[PDB]
Amino acid sequence: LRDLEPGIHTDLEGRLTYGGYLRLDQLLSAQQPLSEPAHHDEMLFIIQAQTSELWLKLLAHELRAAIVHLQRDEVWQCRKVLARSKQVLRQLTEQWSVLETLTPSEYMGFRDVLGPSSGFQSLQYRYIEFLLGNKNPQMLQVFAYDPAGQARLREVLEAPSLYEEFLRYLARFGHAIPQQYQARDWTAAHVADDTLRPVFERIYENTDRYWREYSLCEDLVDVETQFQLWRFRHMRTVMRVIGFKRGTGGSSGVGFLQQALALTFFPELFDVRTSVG
Amino acid sequence: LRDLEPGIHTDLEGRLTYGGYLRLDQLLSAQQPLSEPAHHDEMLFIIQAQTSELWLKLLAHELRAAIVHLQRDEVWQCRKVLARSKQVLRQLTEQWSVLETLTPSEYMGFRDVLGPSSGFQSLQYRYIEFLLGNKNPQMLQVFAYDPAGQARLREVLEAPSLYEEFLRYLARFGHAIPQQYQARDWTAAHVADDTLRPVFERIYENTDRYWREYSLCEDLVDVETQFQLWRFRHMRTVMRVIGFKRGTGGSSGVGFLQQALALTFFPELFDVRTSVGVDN
Amino acid sequence: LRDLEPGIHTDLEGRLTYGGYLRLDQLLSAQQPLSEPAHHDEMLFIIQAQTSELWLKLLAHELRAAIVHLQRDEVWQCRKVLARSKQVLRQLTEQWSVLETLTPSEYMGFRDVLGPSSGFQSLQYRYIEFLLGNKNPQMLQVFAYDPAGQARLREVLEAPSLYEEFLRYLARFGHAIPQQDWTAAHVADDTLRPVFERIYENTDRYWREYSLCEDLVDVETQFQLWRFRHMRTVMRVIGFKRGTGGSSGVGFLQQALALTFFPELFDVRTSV
Amino acid sequence: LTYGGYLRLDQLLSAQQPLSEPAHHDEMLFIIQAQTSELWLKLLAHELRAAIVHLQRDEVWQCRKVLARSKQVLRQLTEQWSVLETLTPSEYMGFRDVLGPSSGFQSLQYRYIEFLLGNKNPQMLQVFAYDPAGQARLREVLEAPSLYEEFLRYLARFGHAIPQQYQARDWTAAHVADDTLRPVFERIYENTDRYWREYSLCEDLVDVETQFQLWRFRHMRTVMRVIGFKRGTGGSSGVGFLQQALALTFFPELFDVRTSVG
Ligand code: HEM
Ligand code: HEM
Ligand code: HEM
Ligand code: HEM
Ligand SMILES: N[C@@H](Cc1c[nH]c2ccccc12)C(=O)O
Ligand SMILES: N[C@@H](Cc1c[nH]c2ccccc12)C(=O)O
Ligand SMILES: N[C@@H](Cc1c[nH]c2ccccc12)C(=O)O
Ligand SMILES: N[C@@H](Cc1c[nH]c2ccccc12)C(=O)O
Ligand SMILES: N[C@@H](Cc1c[nH]c2ccccc12)C(=O)O
Ligand SMILES: N[C@@H](Cc1c[nH]c2ccccc12)C(=O)O
Ligand SMILES: N[C@@H](Cc1c[nH]c2ccccc12)C(=O)O
Ligand SMILES: N[C@@H](Cc1c[nH]c2ccccc12)C(=O)O
């Protein structure tokens, strides 16, 4: 039994309210299941994908701000933004546990309705792959229906990635970074650089001296590990919902998702492990 | 690098698209922060609550189908929907971990833009409270500025709660349940009932005979516990973000949320703990 | 400011206490770090493995009891026990986030104290692997140093796995299970395809079998998730170095990730 | 040198002795849950002492890294309530009786941490008179500054207007909320760019406190579903007494300050 407290605002007709702020007429009218007749499991499928897109939208928002901080040598602010980015990635990774309550026989009841639609065609996800530095320009042909989107990806292809922004940062602080990281063709995905090995060994072996750099390396390594966790959980959900069936978007499915899982964002950070003392 | 596989569809201009299926133009233009100049932390804020509203939207949809299964005595199917249900609640509780990177000085550059806006005004939240049985008609009067959703809250206010559908299910199976659960003024929140004590002791003490009922008992305790934890984590974030300031919605804040934490949805379930044996 | 209630027992001078009951003296004296001087990270290292061994111990206990309920056609009870088993795998998966605060320059301070010791020689771990059906008789050799434990492991190798007991349950219920030495891995069987297809295609008749099939998919998935977090933790801390146990490291762990406990469960998704 | 030998797994894995006759299936969950928790509480103490030693030395980045691991331990501790909640009250009733008066209220390590964090209650030492040398370990943590008091000493070296009280004093008393720290915390939260170090430390302690309150709450919610409103084996009222610890605050001034910032 809880009594309405005095002082709670109740005439709200000419004022800003929660659904108005949050644009919830528009937000909560965006779920349009297409099964005929309605499948109970369709609503889950939509919500799960939409909550992920909202988190990915926020993750983009925070990564951009982390890059701006790095550029300005604002390390504590960068790392704070990065901690929120890791929490976002963690929420993403945690929501697979809802979709694990979707069995393949439930799925076959509406998989049909989706046609060729696939997360492979997520503009926001591809933006983030590109921003972390996994720059594949084949992936621009996917967005040929969409000139504005393909054009916002081109801007990210054309700019240094998160990692390349860290290398530039390191350069400004007298670490032995090649001049090529100051200007080069950024559309070309970072190639593993053996000469960065002694740089990262020197960081991790004077953590007293290179406390900021060592902090940032461990952040980046956290970011990558969490994104790979996201990919693995997605891929395990695939295995349990469609098995080894080809995807809606035309790919081989599990084997195609496995090829991303093999790839590495920040290669010299992990390579340094065989030699660090 | 990963090479684009040969069989990928790239020409989708006349077919159902991911973005059109998920109505992404619409969804990702619902974020309209009001700070001037722009505040970095406002988008976290809107997105935290928006993803919560989407989860709460999925939660009312599973809750409903759980009731329909209860009504039809479809118990395995009911428990399967409650398991999805508890996972939604479990994400809703886990996302608190993101907002806990919002400090009070951050929050202070935009809390003003909100005016009176408060999750206290969340229609879906209240729809679920009322559905789990916390039916307070004083809540209808906070929605008078919106007759349509006021009307939706009355439809649920007037139907049996989830708990009350459970008691009805027990009734159909020969358990010793009072006749009022058959027909009563469903708009009065359930009062704790001492006659249900021997019912639940019987279930918990003979789990081989009453396994279905027993497993559903534990589902509802799970559901209540997960919702308490959402409440508690929301309250703990209130304390770290605004301390003991009054809420934007007019309440005294933490103290006001503390009184909801004190409430219990399924009281005879927890009360039985005091007297239960020994499984036979 | 919290006052002690009158009523609270404060003279335990001769009674059963928390610590006497839990044997906390013997649990809490079991952390024996070898660094000279002490390395602050060694304690993490030790406790992380030990909580995990305690959880592996609880999982072996729960899984045997799921098998017993299964032998007995006690399906609700079997799933209740698979529910706790899942939660125990879930703690095992979660605690990886602590050891992920260990950096490689930290670890190089005491890695060498450890000699050849490795979770590869975790007896409880391997007990679980054999239980879930990943039986490799070559594993017995690594415990020849410990014949009580070696022989106990051999007893699990020669009994039906959790998966084999499910299939045998299905047989007692009129499922077209083949009439067909448990120490060999279970070879995948395309004649089980239609058995699984029938289960998933009429959930209202085979709701019990359907539930359990889904409980085993969950367990396998949670287990793979464990292997993956351990493996990603391996890449962050030793990269591609050879393991202390003498293996290739991440490579040898990847070969385990590619393995499947319940092949025909996953296989049936292509035809359902 | 083996895994099993390195980790003392013979004494570790024979420390589980259920007392129920005939043995109860659920007794092993029960034992393991409290034992894993104890091993985590042992790590948590090992880390927070280290973090105090870093603060004493003005080593902020090292202190923050150990507080990062410490939150992760608190996190496993809170998460594990999910296994224990598969135990139903009728299952518990099968072995509750073997337990006598034993209670987590007698956890030495829990109490060590309560006292480090600075909820010092000298009343507690009595519970432990049966173990006189563990009672004296406790008294050593009652006599030293808390983690919070060491933070306030840190601020004082660095030019914050911290009272003279906190330079030395009778640490055996719970810290008593102090209004004069308010302008202190306001300066810090209002000039993050100046006091980024202090600001981030302030936010870490708020994270430790919240997570510890979350452990308390999930423990309390478990006690409800398992024994409900019954008295505890240790002799308290049970839920009501635990609810009294939940209303306690470790670091009042950090939460008090939300009232006036910005
Ligand atoms: C159980 C439901 C799901 C199944 C069966 C599934 C399956 C697949 C398959 C087979 C692919 C490869 C592309 C293709 O051929 O379609 C794919 C890619 C993808 N999915 Fe899903 N997926 C599911 C849910 C989701 C959800 C909820 C999200 C969140 C938005 C998501 C995001 C992605 C993304 C971003 C890719 C591109 C991955 C890459 O390019 O490496 N998927 N998925
Ligand atoms: C950090 C941000 C938040 C703060 C400071 C906060 C604070 C408050 C306060 C002070 C109240 C009491 C009503 C009033 O006077 O305003 C309230 C209620 C509520 N908030 Fe929040 N809230 C926050 C975030 C959220 C979010 C993200 C959600 C998303 C679900 C949410 C959902 C609710 C709900 C449903 C209530 C009503 C609870 C009840 O009636 O028992 N809040 N909150
Ligand atoms: C920094 C921590 C760790 C590293 C660098 C590590 C490394 C390794 C490596 C390299 C192997 C392969 C065999 C070898 O050559 O030694 C292995 C196997 C193993 N580790 Fe770890 N491990 C770590 C922590 C842990 C923890 C905390 C546990 C918990 C028990 C664990 C359990 C295992 C198990 C069970 C195996 C064998 C798995 C199989 O045979 O497929 N490890 N580990
Ligand atoms: C079914 C499980 C449990 C029940 C029914 C339970 C019940 C209680 C009760 C009633 C109390 C208050 C004192 C008393 O009368 O004994 C208590 C205290 C305590 N329990 Fe538990 N408990 C449970 C599990 C656990 C576990 C797994 C731990 C892990 C270490 C734990 C740690 C504690 C601690 C540290 C206290 C004292 C807290 C304080 O002084 O504020 N408990 N428990
Ligand atoms: N990277 C982990 C642990 C950590 C905290 N501070 C650090 C400083 C340096 C290296 C690692 C850390 C985290 O950010 O939570
Ligand atoms: N690509 C997925 C389909 C999918 C999963 N989630 C989605 C969300 C929207 C559109 C399609 C999807 C499959 O092969 O089945
Ligand atoms: N309620 C817990 C444990 C459980 C599983 N099956 C049960 C059957 C009856 C009672 C409890 C249970 C869960 O669903 O995880
Ligand atoms: N009640 C909150 C305001 C709030 C929190 N989250 C929200 C989401 C949307 C609108 C308003 C809010 C406060 O008192 O500060
Ligand atoms: N496998 C999931 C979802 C589930 C619940 N009950 C089921 C019955 C049948 C199939 C799947 C389920 C779980 O155990 O929570
Ligand atoms: N095998 C690990 C060492 C290891 C990790 N956890 C352990 C626990 C106990 C003994 C050894 C270990 C390595 O290659 O470095
Ligand atoms: N307290 C959170 C958020 C955070 C990270 N860095 C910070 C610096 C200042 C204040 C808060 C933070 C954490 O430790 O991750
Ligand atoms: N205090 C508990 C008993 C208890 C719970 N967990 C424990 C672990 C060890 C010893 C006793 C306990 C009760 O009232 O039932």
Side-chain angles (χ1 to χ4, degrees), chain A residues 2 5 7-9 18 45 48-53 56 76-77 79-84 86-87 92 95-96 99 102 107 111 116-122 124-126 129 139 231 234-235 237-238 240-242 245-254 256-257 259-261, chain B residues 2 5 7-9 18 22 45 48-49 51-53 55-56 92 95-96 99-103 107 111 116-122 125-126 129 139 230-231 234-235 237-238 240-242 245-254 256-257 259-261, chain D residues 64 67-68 71 192 196 199-204 206-207:
Chain A
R2 178 192 75 183
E5 262 190 6
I8 293 171
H9 309 315
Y18 177 86
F45 204 69
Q48 175 85 25
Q50 283 184 340
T51 49
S52 301
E53 281 293 325
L56 287 168
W76 85 258
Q77 293 101 139
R79 293 192 70 215
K80 178 166 188 293
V81 179
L82 291 174
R84 185 192 291 177
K86 317 175 225 174
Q87 285 315 308
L92 284 157
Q95 62 189 87
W96 298 105
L99 216 35
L102 188 73
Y107 197 37
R111 188 167 192 233
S117 49
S118 176
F120 180 89
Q121 311 138 15
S122 179
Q124 186 77 79
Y125 173 87
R126 205 44 60 193
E129 280 277 11
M139 282 296 320
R231 301 213 267 216
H234 173 240
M235 186 274 187
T237 311
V238 185
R240 78 190 280 177
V241 173
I242 66 168
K245 276 195 288 199
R246 302 200 91 252
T248 50
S251 90
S252 79
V254 157
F256 190 66
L257 297 159
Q259 283 171 260
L261 270 159
Chain B
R2 182 247 244 163
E5 282 187 350
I8 304 166
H9 316 313
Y18 171 81
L22 293 171
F45 188 78
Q48 179 82 36
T51 51
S52 302
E53 290 290 328
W55 290 123
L56 297 168
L92 279 163
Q95 37 180 118
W96 294 110
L99 250 185
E100 284 205 46
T101 73
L102 184 66
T103 77
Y107 194 29
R111 184 186 201 233
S117 302
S118 189
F120 185 76
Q121 301 134 205
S122 182
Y125 179 71
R126 190 65 40 194
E129 284 265 21
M139 293 297 198
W230 176 92
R231 282 214 264 242
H234 167 253
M235 189 281 283
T237 308
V238 182
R240 78 177 294 166
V241 174
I242 72 161
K245 280 155 167 48
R246 280 227 154 241
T248 50
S251 100
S252 68
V254 165
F256 186 63
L257 303 174
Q259 301 180 79
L261 276 157
Chain D
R64 291 199 73 222
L67 293 181
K71 298 163 210 194
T192 48
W196 65 268
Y199 170 48
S200 74
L201 289 164
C202 277
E203 281 316 278
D204 296 341
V206 175
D207 281 345

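First the proteins, then the strands, lettered A, B, ... as listed; each starts at 1. Atoms within each ligand, like the ligands themselves, are counted from 1 in listed order.
- For B:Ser252 and A:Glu5, the side-chain atoms include at least one donor-acceptor pair closer than 3.5 Å.
- Using a 4.0 Å threshold on non-hydrogen atoms, atom 39 (C) of ligand 1 counts as touching the protein.
- The part of A:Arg2 lying near ligand 2 is the side chain, judged by heavy-atom distances below 4.0 Å.
- Interface atoms of ligand 2 facing B:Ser52, defined by a heavy-atom separation under 4.0 Å, are 29 (C), 30 (C).
- Residue B:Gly250 has at least one heavy-atom neighbour below 4.0 Å for each of these atoms of ligand 2: 15 (O).
- For atom 5 (C) of ligand 1, the closest non-hydrogen atom on the protein side is A:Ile242 CG2, 3.8 Å.
- For ligand 2, none of its N or O atoms has an N or O atom of B:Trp96 under 3.5 Å away.
- Listed by number with element, the atoms of ligand 1 under 4.0 angstrom from any heavy atom of B:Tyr18 are 30 (C).
- Once rounded to the nearest 0.5 Å, the distance linking CE of A:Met235 with CG of A:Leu257 reads 7.0 Å.
- Nearest protein heavy-atom contact of atom 1 (C) of ligand 1 is A:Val241 CG2, 3.8 Å.
- Checking only distances, B:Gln48 never comes within under 3.5 Å of ligand 2, N or O to N or O.
- Distances below 4.0 Å separate heavy atoms of B:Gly253 from the following atoms of ligand 2: 10 (C).
- Contacts with ligand 2 closer than 4.0 Å are made by side-chain heavy atoms of B:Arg126 only, the backbone lying farther away.
- For a threshold of 3.5 Å applied to N or O pairs, the pair formed by B:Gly249 and ligand 2 contains at least one separation below that value.
- In this structure, the ring of A:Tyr107 has its center less than 6.0 angstrom from the ring center of A:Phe45.
- Salt-bridge annotation for A:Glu129 and B:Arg2: absent, with no side-chain N of the basic residue lying under 4.0 Å from a carboxylate O of the acidic one.
- Which parts of ligand 2 touch B:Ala260 is read off a 4.0 Å heavy-atom cut-off, strictly below it: atoms 41 (O).
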Pairs under 3.5 Å, N/O atoms on ligand 11 and on the protein: can you put them in a table with the distances?
residue	atom	partner	partner atom	Å
ligand 11	1 (N)	D:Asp207	OD2	2.8
ligand 11	14 (O)	D:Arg64	NH2	3.4
ligand 11	14 (O)	D:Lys71	NZ	3.1
ligand 11	14 (O)	D:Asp204	OD1	3.4

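- Under the 6.0 Å distance and 45° angle rule, A:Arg246 does not count as a cation-pi partner of A:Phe256.
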Chi angles and distances behind the salt bridge (charged side-chain N to carboxylate O under 4.0 Å, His left out) call for D:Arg64, D:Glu203
CA-CA 10 Å; D:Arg64 291 199 73 222; D:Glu203 281 316 278; over 6 Å; no

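- By the criterion of a separation under 2.8 Å, the protein N/O/S atoms near atom 21 (Fe) of ligand 1 amount to A:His234 NE2.
- For atom 2 (C) of ligand 1, the closest non-hydrogen atom of the protein is A:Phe45 CE1, 3.7 Å.
- Ring planes of A:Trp76 and D:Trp196: parallel class, angle under 30° (limits at 30 and 60°).
- Scanning the protein for heavy atoms near atom 12 (C) of ligand 2, the closest one is B:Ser251 OG, 3.3 Å.
- Residues A:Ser52 and A:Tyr125 bring no donor and acceptor atom of their side chains to less than 3.5 Å of each other.
- Shown in contact with B:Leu99 at under 4.0 Å from a heavy atom are these atoms of ligand 2, numbered in order with element: 1 (C), 2 (C).
- For ligand 2, the atoms lying closer than 4.0 Å to a non-hydrogen atom of B:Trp230 are 30 (C), 32 (C), 33 (C), 34 (C), 35 (C).
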